[PDB]
Amino acid sequence: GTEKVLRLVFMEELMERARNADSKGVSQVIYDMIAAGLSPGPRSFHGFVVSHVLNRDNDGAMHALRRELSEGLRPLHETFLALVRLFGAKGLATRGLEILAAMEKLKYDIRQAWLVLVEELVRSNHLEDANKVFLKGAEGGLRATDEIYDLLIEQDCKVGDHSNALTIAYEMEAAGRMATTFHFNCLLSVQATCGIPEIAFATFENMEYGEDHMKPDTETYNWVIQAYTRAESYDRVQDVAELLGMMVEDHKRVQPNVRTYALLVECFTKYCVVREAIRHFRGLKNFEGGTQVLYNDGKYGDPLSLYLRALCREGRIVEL
Amino acid sequence: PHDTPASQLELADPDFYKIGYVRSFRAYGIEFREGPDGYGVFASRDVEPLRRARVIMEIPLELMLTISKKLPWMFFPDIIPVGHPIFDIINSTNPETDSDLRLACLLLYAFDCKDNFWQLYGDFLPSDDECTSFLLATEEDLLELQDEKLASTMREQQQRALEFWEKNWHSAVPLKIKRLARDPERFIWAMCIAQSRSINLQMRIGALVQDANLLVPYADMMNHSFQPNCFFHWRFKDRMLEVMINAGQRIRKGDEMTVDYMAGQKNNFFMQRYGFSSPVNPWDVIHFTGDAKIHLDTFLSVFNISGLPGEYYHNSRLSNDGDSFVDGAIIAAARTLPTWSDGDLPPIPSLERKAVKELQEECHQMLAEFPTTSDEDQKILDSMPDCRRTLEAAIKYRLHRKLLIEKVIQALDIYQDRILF
Amino acid sequence: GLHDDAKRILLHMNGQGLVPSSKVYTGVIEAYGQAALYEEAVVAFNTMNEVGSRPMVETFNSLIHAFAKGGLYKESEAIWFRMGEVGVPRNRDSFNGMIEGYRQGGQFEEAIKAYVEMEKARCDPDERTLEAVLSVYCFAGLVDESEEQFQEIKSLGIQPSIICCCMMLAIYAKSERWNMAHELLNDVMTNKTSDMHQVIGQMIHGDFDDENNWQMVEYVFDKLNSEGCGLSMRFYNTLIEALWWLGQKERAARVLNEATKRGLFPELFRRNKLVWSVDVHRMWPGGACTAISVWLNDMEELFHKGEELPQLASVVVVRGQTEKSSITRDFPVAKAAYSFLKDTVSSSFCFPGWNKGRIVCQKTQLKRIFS
């Protein structure tokens, strides 16, 4: 009973110094326990580790972990979790994997720690490191949460890495979770800027003739219209018309937006289809900022200017 | 003679297996043993961890009763002829809420329908006395439940059953309907059999894939467990329901084959639908209004719980035997206990001690709320060896809840002790 | 004996992207052992093994010297087996450290066994080893064997070494004699070979306690600190043993206060709200008596202040792997500590249950013994 009474008073100051991030005070308390005869435990070095972590110091935390391991006591799961979080914040993916292997040889479950590692690596802007760590974990046999899948896919598609996004999608579908319209739209966001209008159309046909959860949305039609419109190899004008005809699904939430009208006007302008271009520009006028969206920063030939020139040349000056 | 859970029971009648066998039901590696609680399935062969699942039961579709879930009522075991008013009774029901009524009507008609497997299978079904469902329970049992919500819900379900019987089975009804359930007790027993032995699975016959509620023979004789050894898979080519052992699990001779009903439900739903309660239920919720909050991470650490909040298991590899205090009860406690997690801030011993003492006070209050103790309930249980199954289920539910509260108190005490090491 | 400076040097070398060397790790583990920080030296050696550097004989003998200062003979056997396995050849300094580790703790026969092993492998034992052999009979109750070893050393010895002469004088002091055999004690001042012997010879036995004279003995003390700090601690310990047992008990108190000035004996006093303890792990029985007396006298400095008492007042005696054992009686420092506590104060200091390698007193008990 007396040993518990002493351990209470000692651990009180230990945890207080740990929560106020005084590593020197924690070492003093540990040496005080050593002198008073109270042998340290996995809970004592936990305070030292978290005190080193809260001060964004990694070498001190590694020294504390090595001291705890030399003490003959198995480290707690919280200590390894904090070390993994610190390594993910800094960006040391290899040391994080070493910590994960150290947890695995100690029979600890490494799923939650691996998820925290990949999440911190994504947050720390180390996207490729998080991707390769996730691939290693998937090859190992571990599973991931849906939020991790969505975050990885979205970040890889925003960066422009379609390969890792497709690999993560394949691993997700292998793990039992099917893909929804969000993942397909994220993939098409990268597939449209390739320059080949047939790689996006394959995904569009996969979505269209698939299940209800993976059915296309307005963003999908917009991406495929952008892919077909900005081609550089062939005509691709009847393709846009057939895609617009397929886009005619009133009671399927498939309604046009500003991007749809802008892309349709641009396409019909580039191919001298002035009547349908005016038809869609009349709809684009109703949205606020639609002409600004049509002028897509001037990167693609100023489609608004091309529309104005097409109106001027034929003589339809009232529409001008 | 090694002591095994199968050895304590007695083997079942040869006929029970035979009626299924002549109709193509096949069982591989399992034995049916009857007992005081009822029939159960046990293993008769040592199975090492397998790469893939092994089929212990193959149950054809022609021995089952199946009703579709959605509005178009499709009976693939089509035993109801066209124009029969039993279909008029079945269709005159709400599609979403009440599904046991249609299954009860179908079971009654199958009992009436000639050359049907259920006519022979009904003899092995539990009788009104053997049934443990709370639909066949007196007001004394509902009062002994000591829970007003559950008693009220069961009374409301009994009232619904009586009202449905009085509406559909009126005097002017044809004789073919009247012979189905002449007395309301027969309809209540049919509803009990439907509720306590219903399986919700997705089945594919031909080109149609649908979800339906089915009454499958020889698959309802498997008891309930939260760590199952088998699961109900469907085979569309042979149009049979197959029970397969989980892959990577080792089954030894004498073990009891078990399946999971309602994975993730409290003991209230179990006691409501199947009339059963388990003290090791990992999904039980205890409503604590105390402002105190324990630390979740340190709790799972001291009790060696690993995994995400959606999947909790005791890592017995780190456990190195010893601690057997850990079970589904402490998992349900950690799930229901108020917890706080703020990054990597370390817990304070004084605050956690105040929290656990407040939690112990609240738990003692809640235990004093019930006008009984664990010892009194156990003594009442052992005092009555032969009695109504409903009263035994009620006192067992009370004892299980009291033991859960006591184990929560003990786990909080062990946490307070081990946190200071 | 710099500990913080070693940590700063290690941190700067790590930041510079340069791995340390065997000599750097040797110096680090030596400094960590000087401050009784055994765990830090152990983890430093483990990092030196993991980083890829191969531990040489110097690393292992530094480790055995660090472990020998407090008599950690159990880890000495482990590091000796590791030396035998790794392939490094053992040297005379390692054997001397092992003998000193045996002498500081228990198992006195193992010291003469290690000397026999010296003789077997043609170790050619040196002067330090011969002083350790003389100390072998010193700890045990053998005054007869102290004379023959002193003569065997003097056969080749130029003059009685200061540490050796002080140890022989302490041996004579253990024998029941008030002023007999004090001619060897007074030979210190008469002998002119050592300036220390000239100045402190009257100090050790006589009145050199004069303040100006004390300034001179202070000069003689600070002039010999450059020996390496390994033997200067031994010199101060022998001086403490000589002054207290068969001399003015108050006179020995100055030597400990003198050593505290330059930091020769750190880790001795630890003061904090939770615990107040005195570590006597590396000190000899007379040093233990002097330190416990000074500590119990400093307990009275809080009397007029009425300061908060520590939750546990402890006296560290043995800090090693063998703490959780029943070999507490064999340790000589434990004998002197328990004897002094039993004689001078009430029987309120006892070996506790949480650890058997120290002697502790509760706050309520320390308040009672203080009154």
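Every residue, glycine as well, gets a Cβ built from its backbone with ideal geometry; the counts of neighbours run over all protein chains shown. Computed from the coordinates by the stated procedures, all read-outs in this text should not be read as laboratory data.
Among the residues of the range C:348-361, which ones are over 26 Å from the mean Cα position of the chain (by Cα) and either in a helix (DSSP H, G or I) or within 8 Å of chain A (Cβ to nearest Cβ) (or both)?
Step one: of the range C:348-361, the residues over 26 Å from the mean Cα position of the chain (by Cα) are C:348, C:353.
Of everything in the range C:348-361, just one residue is over 26 Å from the mean Cα position of the chain (by Cα) and either in a helix (DSSP H, G or I) or within 8 Å of chain A (Cβ to nearest Cβ) (or both), namely C:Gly353.
Can you give me the number of residues within the range C:7-53 that are within 23 Å of C:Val318 (Cβ to Cβ), more than 11 Å from chain A (Cβ to nearest Cβ) and surrounded by fewer than 19 Cβ atoms within 10 Å (Cβ to Cβ)?
Of the residues in that region, 0 qualify.
Mind checking which residues of the range C:279-314 are within 14 Å of chain A (Cβ to nearest Cβ), closer than 17 Å to C:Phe370 by Cα and not in a loop (DSSP other than H, G, I, E, B)?
C:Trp295, C:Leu312, C:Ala313, C:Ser314
Working carefully through the options C:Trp214, C:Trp244, C:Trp178, find the one that is farther than 30 Å from C:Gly71 by Cα, of a type in the set (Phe, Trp, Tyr) and in a helix (DSSP H, G or I). If you could, list the steps in order and put the result at the bottom.
Numbers: C:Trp244 fails: farther than 30 Å from C:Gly71 by Cα; C:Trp178 fails: in a helix (DSSP H, G or I).
Being farther than 30 Å from C:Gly71 by Cα, of a type in the set (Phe, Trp, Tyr) and in a helix (DSSP H, G or I) holds for just one of C:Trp214, C:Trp244, C:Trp178, which is C:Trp214.
Being in contact with a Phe, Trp or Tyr (Cβ under 9 Å, 6 or more places away or on another chain) and surrounded by fewer than 18 Cβ atoms within 10 Å (Cβ to Cβ) is the filter here; which residues of the range C:148-162 pass it? Steps first, answer last, please.
Within the range C:148-162, the subset in contact with a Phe, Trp or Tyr (Cβ under 9 Å, 6 or more places away or on another chain) is C:148-149, C:157, C:160, C:162.
Result: C:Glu148, C:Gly157.
I'd like the residue in the range A:63-85 that is of a type in the set (D, E, K, R) and facing chain B (nearest Cβ under 9 Å) and, out of all such residues, is farthest from the chain's Cα centre (by Cα). Spell out how you get there, then give the answer.
Step one: of the range A:63-85, the residues of a type in the set (D, E, K, R) are A:66-68, A:71, A:74, A:78, A:85.
Among the residues that remain, those that are also facing chain B (nearest Cβ under 9 Å) are: A:74, A:78, A:85.
Working: A:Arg74: 35, A:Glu78: 26, A:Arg85: 18 Å.
Ranking the candidates gives A:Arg74 first.
Okay, residues lined up against (1) buried (at least 18 other Cβ atoms within 10 Å of the Cβ); (2) touching a residue at least 12 places away in the same chain (Cβ under 8 Å); (3) acidic (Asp, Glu):
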{"position": "A:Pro216", "(1), (2), (3)": "yes, yes, no"}
{"position": "A:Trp223", "(1), (2), (3)": "yes, yes, no"}
{"position": "A:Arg230", "(1), (2), (3)": "yes, yes, no"}
{"position": "A:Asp239", "(1), (2), (3)": "yes, yes, yes"}
{"position": "A:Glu288", "(1), (2), (3)": "no, no, yes"}
{"position": "A:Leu294", "(1), (2), (3)": "yes, yes, no"}
{"position": "A:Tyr300", "(1), (2), (3)": "no, yes, no"}
{"position": "A:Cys312", "(1), (2), (3)": "no, no, no"}
{"position": "A:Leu320", "(1), (2), (3)": "no, yes, no"}
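Mind listing whichever residues of the range A:20-32 are of a type in the set (S, T, N, Q) and either at positive phi or more than 14 Å from chain C (Cβ to nearest Cβ) (or both)?
The first filter runs over the range A:20-32 and keeps only residues of a type in the set (S, T, N, Q), leaving A:20, A:23, A:27-28.
Result: A:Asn20, single match.
If I ask for residues that are within 12 Å of chain A (Cβ to nearest Cβ) and of a type in the set (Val, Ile, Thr), which ones from the range C:362-371 would you list? Lay out the reasoning, then the answer.
Initial filter on the range C:362-371 (within 12 Å of chain A (Cβ to nearest Cβ)): C:362-365.
If the condition is that a residue be within 12 Å of chain A (Cβ to nearest Cβ) and of a type in the set (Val, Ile, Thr), then C:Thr364 is the only one that fits.
Determine, yes or no, whether C:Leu184 is surrounded by fewer than 19 Cβ atoms within 10 Å (Cβ to Cβ) and either of a type in the set (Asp, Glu) or under 19 Å from C:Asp126 (Cβ atoms) (or both).
Numbers: surrounded by fewer than 19 Cβ atoms within 10 Å (Cβ to Cβ): yes; either of a type in the set (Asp, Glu) or under 19 Å from C:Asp126 (Cβ atoms) (or both): no.
So C:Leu184 fails the test.
Working only within the range A:20-29, note down all residues that are in contact with a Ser or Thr (Cβ under 6 Å, 6 or more places away or on another chain) and either crowded, with 18+ Cβ neighbours inside 10 Å or within 19 Å of C:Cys361 (Cβ to Cβ) (or both).
Filtering the range A:20-29 down to residues in contact with a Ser or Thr (Cβ under 6 Å, 6 or more places away or on another chain) leaves A:21, A:23, A:26.
Residues satisfying the conditions are A:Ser23, A:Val26.
Inside the range C:326-347, can you point out the residues that are surrounded by fewer than 20 Cβ atoms within 10 Å (Cβ to Cβ) and within 14 Å of chain A (Cβ to nearest Cβ)?
Selection gives C:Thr328 alone.
Test each condition in (1) surrounded by fewer than 17 Cβ atoms within 10 Å (Cβ to Cβ); (2) closer than 27 Å to A:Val50 by Cβ; (3) without any contact (Cβ under 8 Å) to a residue 40 or more places away in the chain for B:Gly322 and report the one that comes out false.
It fails just one condition, (2).
Listed residues A:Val240, A:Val293, A:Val265, A:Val254; which is closer than 14 Å to A:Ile225 by Cβ and in a loop (DSSP other than H, G, I, E, B)? Step through it out loud before you land on a result.
Details: A:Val240 fails: in a loop (DSSP other than H, G, I, E, B); A:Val293 fails: in a loop (DSSP other than H, G, I, E, B); A:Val265 fails: in a loop (DSSP other than H, G, I, E, B).
One residue alone meets the criteria, A:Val254.
Take the residues of the range B:283-308 that are away from chain A (no Cβ under 14 Å) and touching a strand residue (DSSP E or B) at 6+ places or on another chain (Cβ under 9 Å): which is surrounded by the most Cβ atoms within 10 Å (Cβ to Cβ)? Spell out the reasoning first.
So in the range B:283-308, the residues away from chain A (no Cβ under 14 Å) come out as B:283-294.
Then drop every residue that is not touching a strand residue (DSSP E or B) at 6+ places or on another chain (Cβ under 9 Å), which leaves B:293-294.
Working: B:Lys293: 17, B:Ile294: 22.
For the range B:283-308, the residue satisfying everything is B:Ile294.
Being surrounded by 16 or more Cβ atoms within 10 Å (Cβ to Cβ), in a strand (DSSP E or B), within 11 Å of chain A (Cβ to nearest Cβ) and touching a strand residue (DSSP E or B) at 6+ places or on another chain (Cβ under 7 Å), is that true of even one residue in the range B:257-279?
no
Table: residues versus (1) part of a helix (DSSP H, G or I); (2) within 11 Å of chain C (Cβ to nearest Cβ); (3) out of contact with any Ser or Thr (no Cβ under 6 Å at 6 or more places or on another chain); (4) closer than 19 Å to C:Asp279 by Cβ.
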residue	(1), (2), (3), (4)
A:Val9	yes, yes, yes, no
A:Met15	yes, no, yes, no
A:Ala18	yes, no, no, no
A:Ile34	yes, yes, yes, yes
A:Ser39	no, yes, yes, yes
A:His46	yes, no, no, no
A:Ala61	yes, no, yes, no
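Do you know which residues across the range C:338-363 are closer than 15 Å to C:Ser314 by Cβ and among the β-branched types (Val, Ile, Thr)?
Within the range C:338-363, C:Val345, C:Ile359, C:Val360 qualify.
If I filter the range B:50-69 for residues that are among the hydroxyl-bearing types (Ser, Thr, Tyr), surrounded by 15 or more Cβ atoms within 10 Å (Cβ to Cβ) and closer than 24 Å to B:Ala161 by Cβ, do I get at least one hit?
The first filter runs over the range B:50-69 and keeps only residues among the hydroxyl-bearing types (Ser, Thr, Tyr), leaving B:66, B:68.
After this cut, where a residue has to be surrounded by 15 or more Cβ atoms within 10 Å (Cβ to Cβ) as well, the list is B:66, B:68.
After this cut, where a residue has to be closer than 24 Å to B:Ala161 by Cβ as well, the list is B:66, B:68.
Yes, some residue in the range B:50-69 is among the hydroxyl-bearing types (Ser, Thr, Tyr), surrounded by 15 or more Cβ atoms within 10 Å (Cβ to Cβ) and closer than 24 Å to B:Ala161 by Cβ.
Here are the criteria: (1) closer than 16 Å to B:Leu308 by Cβ; (2) buried (at least 16 other Cβ atoms within 10 Å of the Cβ); (3) free of Cβ contacts under 8 Å to residues at least 24 places away in the same chain. Tell me which single one A:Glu147 does not satisfy.
With (1) closer than 16 Å to B:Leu308 by Cβ; (2) buried (at least 16 other Cβ atoms within 10 Å of the Cβ); (3) free of Cβ contacts under 8 Å to residues at least 24 places away in the same chain applied to A:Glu147, the lone miss is (2).
Select from the range C:315-325 the residues that are surrounded by fewer than 19 Cβ atoms within 10 Å (Cβ to Cβ) and at the interface with chain A (Cβ under 9 Å from one of its Cβ atoms) and write down the one among them that is nearest to C:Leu268 (Cα to Cα). Can you show your working first?
From the range C:315-325, those surrounded by fewer than 19 Cβ atoms within 10 Å (Cβ to Cβ) are C:321, C:323-325; that's our starting set.
Keeping just the survivors that are at the interface with chain A (Cβ under 9 Å from one of its Cβ atoms) gives C:323-324.
On the way: C:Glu323: 19, C:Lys324: 22 Å.
Taking the candidates together, the pick is C:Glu323.
Quick check on this structure: which one of C:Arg270, C:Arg234 is of a type in the set (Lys, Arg), assigned to a helix (DSSP H, G or I), closer than 30 Å to A:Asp32 by Cα and touching a helix residue (DSSP H, G or I) at 6+ places or on another chain (Cβ under 7 Å)? Spell out how you get there, then give the answer.
Details: C:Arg270 fails: assigned to a helix (DSSP H, G or I).
Just one listed residue meets the conditions, C:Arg234.
Go through the range B:323-349 and give me each residue that's more than 14 Å from chain A (Cβ to nearest Cβ) and in a loop (DSSP other than H, G, I, E, B).
B:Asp323, B:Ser324, B:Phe325, B:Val326, B:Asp327, B:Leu337, B:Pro338
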